[PDB]
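Next up is one chain by itself, shown in structure tokens, the form solved without its partner chain.
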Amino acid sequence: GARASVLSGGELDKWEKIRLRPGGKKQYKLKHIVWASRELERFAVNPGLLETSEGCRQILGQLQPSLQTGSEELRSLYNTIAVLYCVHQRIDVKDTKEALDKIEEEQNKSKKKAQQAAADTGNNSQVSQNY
């Protein structure tokens, strides 16, 4: 509308600090911040979510289970949005690889913690014999 893209200069310095490839030297550019935001609108997702780190958390979650269904276009997004969330959490990644994994690995740890409380609910009755 009247203004596109949030991340200001002071913040951009961090966005342009993230690499694109694992063993490459390419970095991120505004072009990507927009190329992604312009996708959310079509992905039934509000572009005002990328403004906050929390907003992205909800986005990646939706595209997560779609990483398989969606086409190559859905893959390029996850790799991008992943770099953003890290920038907002004051987290510095090494590239589009360490970034995506840094988020994918975090979901694996939460999965166990989410299905661990069930134990406290279940009946805990131990028993041991002796001579």
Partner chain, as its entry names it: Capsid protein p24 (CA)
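Numbering follows the first chain given and starts at 1.
The same protein also has a form deposited with its partner chain bound, omitted here; what follows describes it.
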Practice problem: State the residue from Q62, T52, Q89, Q27 whose non-hydrogen atoms include one within 4.5 Å of its partner chain in the entry with it bound. | Solution: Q62
Exercise. Name the stretch: of 28 to 36, 43 to 51, 94 to 102, 79 to 87, exactly one has residues whose heavy atoms fall within 4.5 Å of its partner chain in the entry with it bound.
Key: 43 to 51
Practice problem: Please run the contact check for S71 against its partner chain in the entry with it bound: heavy atoms, 4.5 angstroms, yes or no? | Solution: no
